[PDB]
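Now for the letters of each chain:
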Amino acid sequence: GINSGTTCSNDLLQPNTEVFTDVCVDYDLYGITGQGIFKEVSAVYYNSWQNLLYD
Amino acid sequence: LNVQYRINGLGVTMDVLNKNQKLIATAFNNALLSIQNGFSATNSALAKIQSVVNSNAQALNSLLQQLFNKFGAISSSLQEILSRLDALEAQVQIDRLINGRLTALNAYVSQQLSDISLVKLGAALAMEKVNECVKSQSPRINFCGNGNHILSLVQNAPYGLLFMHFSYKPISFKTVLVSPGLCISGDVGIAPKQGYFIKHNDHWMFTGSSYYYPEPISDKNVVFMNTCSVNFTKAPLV
Amino acid sequence: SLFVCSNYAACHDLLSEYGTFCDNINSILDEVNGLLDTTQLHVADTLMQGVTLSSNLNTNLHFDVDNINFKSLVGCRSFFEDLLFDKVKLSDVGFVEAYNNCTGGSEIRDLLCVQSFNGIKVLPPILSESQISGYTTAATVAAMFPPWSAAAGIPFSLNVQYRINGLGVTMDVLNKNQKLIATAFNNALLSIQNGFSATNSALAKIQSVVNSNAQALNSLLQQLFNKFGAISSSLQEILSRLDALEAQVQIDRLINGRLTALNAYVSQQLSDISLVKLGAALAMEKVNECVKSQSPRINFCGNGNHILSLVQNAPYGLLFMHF
Amino acid sequence: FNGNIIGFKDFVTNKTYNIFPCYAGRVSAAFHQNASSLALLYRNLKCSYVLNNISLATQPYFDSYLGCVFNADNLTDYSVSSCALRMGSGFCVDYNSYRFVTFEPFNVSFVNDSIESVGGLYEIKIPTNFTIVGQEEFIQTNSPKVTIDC
Amino acid sequence: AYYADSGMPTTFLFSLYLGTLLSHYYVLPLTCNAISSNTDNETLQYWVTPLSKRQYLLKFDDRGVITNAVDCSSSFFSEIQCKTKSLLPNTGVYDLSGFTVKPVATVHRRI
Amino acid sequence: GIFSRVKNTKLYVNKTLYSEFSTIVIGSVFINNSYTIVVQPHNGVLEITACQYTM
Ligand SMILES: CC(=O)N[C@H]1[C@H]([C@H](O)[C@H](O)COC(C)=O)O[C@@](O[C@H](CO)[C@@H](O)[C@@H]2O[C@@](O)(C(=O)O)C[C@H](O)[C@H]2NC(C)=O)(C(=O)O)C[C@@H]1O
Ligand SMILES: *[C@@H]1O[C@H](CO)[C@@H](O[C@@H]2O[C@H](CO)[C@@H](O)[C@H](O)[C@H]2NC(C)=O)[C@H](O)[C@H]1NC(C)=O
Ligand SMILES: *[C@@H]1O[C@H](CO)[C@@H](O)[C@H](O)[C@H]1NC(C)=O
Ligand SMILES: *[C@@H]1O[C@H](CO)[C@@H](O)[C@H](O)[C@H]1NC(C)=O
Ligand SMILES: *[C@@H]1O[C@H](CO)[C@@H](O)[C@H](O)[C@H]1NC(C)=O
Ligand SMILES: *[C@@H]1O[C@H](CO)[C@@H](O)[C@H](O)[C@H]1NC(C)=O
Ligand SMILES: *[C@@H]1O[C@H](CO)[C@@H](O)[C@H](O)[C@H]1NC(C)=O
Ligand SMILES: *[C@@H]1O[C@H](CO)[C@@H](O)[C@H](O)[C@H]1NC(C)=O
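Residues numbered from 1 in each chain as written, not as in the entry; some residues may be left out. Chains lettered and ligands numbered in written order. Part of a larger assembly, values for the part shown. Heavy atoms only, no water.

For this deposition, the record names cryo-EM as the technique by which the model was determined and cites 4.7 Å as its resolution.

Listed below in structure tokens is the structure:
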């Protein structure tokens, strides 16, 4: 489960931050890394076990 | 007058169409309305421009997945590789990975060189078309329009030029008994520069090469000849 | 799926990660074959024109007018093209036949089918040469018989007479030697069919292009035998005496060497078919400025004072005869 | 010449061999939207040899000059004027099921008239109407100006 | 483990790392009085079909539901259609190379 | 792997509708080791007992 999952290494303590929308930032969403812009939207097709959307 | 003198060169007399200018004007605007409604149907030219835009769109789309191919490398996303391996362990795959990327790039610009060369030749062919049968009319058949091409006009197109053509093609025919070339009692040959010769009502009349019209024989519609061949038709008197 | 790796599933697994690239190569093959078929239909409808011939045609009863022979070039399959088909045996019909001999028996030196067994297949063209030769025969007899659709409604001897009007030659000496100049064309036709026994420039280029095609095929044959830095060249021995993880670098180095060889070959093929398109379009131009109607453009249809021309079907091209 | 194996001998009975390499790979298939079945073509291979390889197909075999065509009745009597599924050498298949009909793109109108100088004159079917028609054509003169950051 | 009582495609339940290769499957006997009731009522209908390595097609709709699946291994229409990224391919003459004879029995290299 | 296809056995006891089907065991050697897998239904709810107990 490379860079994805629940078991997080908290050796370097980083506080959990809210999603700063509409800005070009780097993200660490539960270990998922990258850099991009988040826009607050509405979706209804998501499921209980499903949490990520792919292109 | 331009199109009347132009179809004269295709072998059409002028006496009939002096009364028939109005209906061939309606033929002109009906042909324009038909080709304007011809784009409602998925014809070849729309298929050609859609093929061009889909071809280079698919080329630039195929450029994208060259980043996403596996190659010999363990992945295709270099960001998680550099967040997964150290800098010293990057070069064991990333140097030949970006080498594969650059081979894709120079291959792609080699097909770009090929397509720009062929579209330069297509531009040269369009140049030949527009300076030989758009701004003028050249004696060269089956090059601008198939059959008896009359003239052509060029309209603007996206990433090209649309080439619409006026062509002549009749709908009904008539059988006739004619002879190409003959001679007279003074052993002088009579042969049409264009058209044929019809014999009816005990006289030899002249016809055009594109429409049945018996014209009176003259000296201006004919090319002279010093002596006729033995296998040519012999016409008595004058 | 056959060339860079024949049948080995562990090899095909390492083919499966990079099969998008060879699928793109296959799409490149599909579009160059599409332009090949498109240019073939272009050849078909540019040789075709507004032609009408009389349906009561018999090539064996009525076959000559004013003592000029055409029985070499009269078909429906003419002797004139069949002489050239006797001069070279590597036709596509001969290719199909060579595929038909390679099903068991003799001739262990059979390069055409072991090319097919290694993967490369010379597809036949979508139009048979029989119907193309019949179309050229139909165009020629349209030029020779009423109504002269290919000769603008003018008899053939009258075409010769009206052309020699325009080349600075009077008619006073012409009216007494129609049979003499007819025998002059007959002797010219006999000379140009008899010249094909000697190795001509036309023979030089037709065996040059088919030997260039065969040389490119043989270059693909040795590309399987090239190392590309590996300790061997085929997959069975390196799947046998190695353990497929130390052989994985050998496998991917040989497949990328082979894929670069195919990239060079498809670049060569797209350049080659661009040359075919240009030569084909120039052939269209000279067809409709010589045989359908002569044009006042000097020293392009024939060197010197050109008079008239004829076109015969050829293997992988057209044969153009100019007078 | 190019390192290609040919044959061997046995060390026991001293008899030789010719190793012709075997055949692998299929040929092609044909499909239509309004059809539901498939048209199968197996060129350069014998129908009886194909049936002796694995088993007997549900459709009967049809051997041609090109090869072994399946699920299509060969019909050379009619000619398709315009086809889209080209089998090669002027051959095609189509759905109404799938059948094989020989293809020719063009033909001459074959006007029922004479051939020779009847009384020194000729029978020519000359036009009697005047009719024009526009013609649509496109020539591509420009390409989009792409670029890439290296 | 996957199940879906509702909805004809099945969905994820949980993963279970063991390492031990799983070898055998068996259905228990249920000591019950009469589920058939002298063959006038229902019965048990467990049906089974093995699985292996295959590549399939997963069509998604606008709501992300599996619409259709293509084998690409049984028929010749199983291929071509799925490699052309459609449930129904366009007209064309598409080549096939999905057969190899492999009838051999002896492979050795020796002196 | 295997695929199963189970029609529900809707037996209607009077005013108590049930739908109960059989029990399946999968495993390797089915002993006190090797993580034996037993899943059973109990009247509308499934009971997975996936543990390496005796058989
Ligand atoms: C897989 C199979 O063939 N199942 C049979 C099943 C077995 O043969 C048998 O019951 C198990 O015991 C052995 C090993 O003999 O039997 C079924 O029919 C029974 C016949 O034995 C049936 O008559 C049942 O008989 C009982 O007397 C009993 O307890 O055995 C009473 C029981 O209600 C009755 N079951 C009914 C009518 O459904 C069976 O159990 O259904 C037939 C199966 O196909
Ligand atoms: C006019 O031309 C025709 C057609 O060529 C001649 O008819 C025959 O022509 C062939 C070939 O030239 C000869 O072999 C035949 O002997 C000809 N038949 C006859 C009956 O002559 C025709 O002779 C020509 N007429 C003249 C006066 O030259
Ligand atoms: C792990 O380290 C973090 C500091 O980054 C600390 O807050 C946390 O209590 C530690 N967890 C333990 C000791 O279980
Ligand atoms: C193909 O080759 C074999 C072996 O030489 C020969 O017997 C056969 O006649 C050939 N086929 C044709 C059509 O000539
Ligand atoms: C034939 O084979 C035998 C062994 O089987 C061998 O000893 C002999 O040299 C071979 N050649 C001849 C010509 O007998
Ligand atoms: C197929 O069916 C459609 C729907 O009825 C119809 O419009 C079309 O003409 C048919 N034929 C082809 C070749 O698509
Ligand atoms: C169809 O093919 C068979 C053999 O494949 C042949 O015997 C028959 O003559 C063919 N039908 C024609 C050519 O009409
Ligand atoms: C020629 O064709 C047109 C087409 O509509 C027709 O109206 C006309 O009557 C025909 N005849 C003449 C002599 O124009």
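### Notes on the overall build of chain E
What counts here: Labels follow the DSSP assignment, with helices taken as runs of H or I lasting at least four residues and strands as runs of E lasting at least two, numbered in each case from the N terminus. The globule rule is 2.2 Å times the number of residues to the power 0.38, and the radius of gyration it is compared with is taken over C-alpha atoms. Buried residues are those whose accessible area, probed at 1.4 Å on protein chains only, stays under 20% of the maximum for their type, while exposed residues exceed 50% and partly exposed ones sit between those limits. In this description, accessible areas are obtained by the Shrake-Rupley approach with a 1.4 Å probe, and a residue is regarded as covered only by the protein chains that are shown. The charge count includes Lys and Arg as positive and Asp and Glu as negative, but it does not include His or the ends of the chains. Here the site of a charge means NZ on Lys, CZ on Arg, CG on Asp, or CD on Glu.
Scanning chain E from N- to C-terminus turns up 0 helices and 5 strands. In chain E, the succession of α and β elements from N to C terminus is β-β-β-β-β. Radius of gyration (C-alpha) of chain E: 22 Å, far over the 13 Å computed for a compact globule of 111 residues. Seen through its C-alpha atoms, chain E measures out along the principal axes to roughly 65 × 55 × 35 Å. Looking at chain E as a whole, 12% of its 111 residues qualify as buried. When the accessible area of chain E is evaluated, it comes to approximately 9500 Å², of which 57% is carbon and sulfur surface. Distance between charge centroids for chain E: 21 Å, based on 9 positive and 8 negative side chains.

### Re the site of ligand 7
All names here are of chain D. To keep things clear, this is the line we draw: A molecule or strand has a residue near it when one of that residue's heavy atoms lies within 4 Å. Residues adjacent in sequence count toward polar contacts only when both atoms are side-chain atoms; beyond that, a polar contact is any pair of N or O atoms within 3.5 Å, and within protein one must be able to donate a hydrogen and the other to accept it. Charged means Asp, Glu, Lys or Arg here, nonpolar means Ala, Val, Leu, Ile, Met, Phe, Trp, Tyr, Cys or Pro, and polar covers whatever is left, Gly included.
The environment of ligand 7 is formed by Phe62, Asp63, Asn74 and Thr76. Backbone polar atom of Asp63 to an oxygen atom of ligand 7: 2.4 Å apart, as the coordinates give it. Contacts to ligand 7 include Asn74, whose side-chain N or O atom sits 2.3 Å from an oxygen atom. Against a free-state accessible area of 360 Å², the protein chains account for coverage of 41% of ligand 7. Elements with a contribution of two residues or more to the shell around ligand 7: β3 (61-63) and β5 (73-80). Among the residues forming the shell around ligand 7, the class breakdown is 1 nonpolar, 2 polar and 1 charged.

### Thoughts on the site of ligand 2
Around ligand 2, the structure places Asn231 of chain B together with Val65, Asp66 and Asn67 of chain C. With respect to ligand 2, the side chain of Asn231 of chain B contributes an N or O atom lying 2.4 Å from an oxygen atom. Protein coverage of the free-state accessible area of ligand 2, which is 560 Å², stands at 36%. Of the residues contributing to the shell around ligand 2, the split by class is 1 nonpolar, 2 polar and 1 charged.

### Describing the interface of chain B and chain D
Test applied: In what follows, residue pairs with any heavy atoms lying within 4.5 Å of each other are defined as contacts. For any pair of parts, buried area is found by adding up, for both, the accessible area (1.4 Å probe) each one loses once the two are put together. Paired strands, as defined in this entry, are two strands with at least two bridges between them according to DSSP.
At the interface, 46 residues of chain B touch 28 residues of chain D. Counting each side, the surface lost to burial between chain B and chain D is near 4000 Å², with a carbon and sulfur contribution of 67%. In terms of surface lost to chain D, no three residues of chain B exceed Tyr159, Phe173 and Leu177 of chain B, which account for 13% of the buried area on that side. Of all the secondary-structure elements, those providing two or more residues to the side of chain B that touches chain D are α2 (21-36), α3 (44-68), α5 (94-132), β1 (148-157), β2 (160-168) and β3 (173-178) of chain B. When its residues are assigned to classes, the side of chain B that touches chain D shows 33 nonpolar, 10 polar and 3 charged. Relative to strand β8 (residues 122-127) of chain D, β3 of chain B is paired through 6 bridges, and the arrangement is antiparallel. Residue pairing in the sheet places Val176 of chain B in a bridge with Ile124 of chain D of β8 of chain D.

### With respect to the side chain of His149 of chain B
Residues and elements named next belong to chain B. Within the element layout of this structure, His149 appears in strand β1. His149 gets classed as buried once you look at its relative accessible area, which sits at 8%. For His149, the side chain forms a polar contact with the main-chain oxygen of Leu151, separated by 3.2 Å. Those residues in contact with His149 that sit more than four places away from it in its chain are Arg6, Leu10, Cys133, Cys144, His165, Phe166 and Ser167.

### Points about the sheet that holds strand β7 (residues 98-103) of chain D
Each strand in a sheet pairs with another by means of backbone hydrogen bonds, the pair being arranged parallel or else antiparallel. Residues and elements named next belong to chain D. Spelled out, the test is: To get an axis, fit a line to the C-alpha atoms, keeping to the stretch in contact for a helix; angles then go from 0 to 180 degrees between the N-to-C directions.
Pairing is mixed in the open sheet, where 3 strands are placed in the order β5-β7-β6. The open sheet terminates on both sides in strands that have one partner only, identified here as β5 and β6 (91-95). Neighbour to neighbour, the strand axes of the sheet diverge by 40° on average, direction disregarded.

### Topic: the pairing of strand β1 (residues 28-31) of chain D
Residues and elements named next belong to chain D. Side-chain alternation along β1 places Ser28 and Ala30 on one buried face and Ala29 and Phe31 on a second face that is also buried. Pairing analysis gives 3 bridges linking β1 to strand β2 (residues 39-43), with the strands arranged antiparallel. Bridge assignment links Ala29 to a residue of β2, and that residue is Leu40.

### Concerning the environment of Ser37 of chain E
All names here are of chain E. Inspection of the secondary structure assignment puts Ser37 in the loop between β3 (24-28) and β4 (48-50). A relative accessible area of 31% places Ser37 in the partly exposed class. A sequence separation of 73 residues divides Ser37 from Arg110, and the C-alpha atoms of the two residues are 70 Å apart.

### A few points about the pattern of salt bridges
To be explicit about the condition: One side-chain nitrogen of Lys or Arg within 4 Å of one carboxyl oxygen of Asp or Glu is enough to make a salt bridge.
With the rule as written, the count across this model stands at 10 salt bridges over all chains. Here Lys83 of chain E ties to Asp23 of chain C by a salt bridge, and the two come within 3.6 Å at their closest N and O atoms. Taken together, the positions of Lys83 of chain E in the loop between β4 and β5 (92-95) and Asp23 of chain C in helix α2 (residues 19-47) put the pair across two chains. The closest approach of N and O atoms between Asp61 of chain E and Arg63 of chain E, which form a salt bridge, is 2.8 Å. By relative accessible area, which is 24% here, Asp61 of chain E ends up partly exposed. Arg63 of chain E sits in the exposed class, given a relative accessible area of 55%.

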